[PDB]
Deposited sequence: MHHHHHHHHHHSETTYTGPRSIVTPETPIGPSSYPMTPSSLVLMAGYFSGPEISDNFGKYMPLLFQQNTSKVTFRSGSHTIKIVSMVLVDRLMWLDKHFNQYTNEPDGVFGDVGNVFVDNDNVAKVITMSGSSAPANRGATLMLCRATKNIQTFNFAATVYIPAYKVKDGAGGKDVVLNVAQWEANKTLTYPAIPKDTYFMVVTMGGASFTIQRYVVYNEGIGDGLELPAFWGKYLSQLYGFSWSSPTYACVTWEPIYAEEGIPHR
């Protein structure tokens, strides 16, 4: 018995997959329309990445497996919308409150209903260090992006990013549609990086201190 607490640093480990189009390619996207959005209060923001997880494991900083799950430990701070359907609850977020003019936020969601396949046009981007900054380099404009059906109770991650931010509880939520300070690579690791064909993880808790 090793329960995660609301103070725990929790990793979402497993085999990550993004949208059918860059298989195994960690990618970001800028939707042409507002098809998938994080909503909370007055905020409606377009997400820039959606990632599903097979073989999910909740791990701590030392890769020891937690015996409970985030739903139940962390309270909901928002929702993910597909069009105007409220399809998922945002459970917790990862990122930094360190002051920055540009940044990104990770969000752990859980499908609240069975979610049906959806698709959308988007520009596809590859985030990569560039000589150092985190460069969001455009790959190809106007590609169709599909997501398979996501069952109920299925966890998944979304990302938002931009040069504006608002807060939800302590979470700093970046938004808008780019070069981010290299500082952000820690918060997007190990998820974004070279490959989703090999297993990886995303931190799902705020301000992860790996020290």
Spell out the unmodelled ranges of the deposited sequence for me, N- to C-terminal, numbering from the first residue.
1 to 32, 54 to 57, 168 to 175, 222 to 225, 260 to 266
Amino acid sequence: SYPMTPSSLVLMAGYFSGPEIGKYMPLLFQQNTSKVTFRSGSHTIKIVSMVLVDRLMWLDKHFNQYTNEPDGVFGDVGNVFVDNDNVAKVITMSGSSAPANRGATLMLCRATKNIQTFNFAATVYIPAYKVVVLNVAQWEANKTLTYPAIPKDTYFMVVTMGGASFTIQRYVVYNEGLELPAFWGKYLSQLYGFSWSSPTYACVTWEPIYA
From here on, numbers count along this sequence of modelled residues.
According to the deposited model, is the average Cα temperature factor higher in 136 to 144 or in 120 to 128?
136 to 144
Is the mean CA B factor in the deposited entry higher across 162 to 170 or across 26 to 34?
26 to 34
Member of 104, 98, 93, 82 with the greatest C-alpha B factor (per the PDB record):
82
From 51, 48, 59, 178, residue of greatest CA B-factor:
178
Compared with the other modelled residues in the chain, in which third is the CA B-factor of residue 149?
highest
Which third, lowest, middle or highest, does the C-alpha temperature factor of residue 211 belong to within its own chain?
highest
For the chain shown, is the CA B-factor of residue 19 in the lowest, middle or highest third of its modelled residues?
highest
Please place residue 1 in the lowest, middle or highest third of its chain according to the CA B-factor in the PDB entry.
highest
Report the third (lowest, middle or highest) to which the CA temperature factor of residue 73 belongs, ranking only the modelled residues of the same chain.
highest
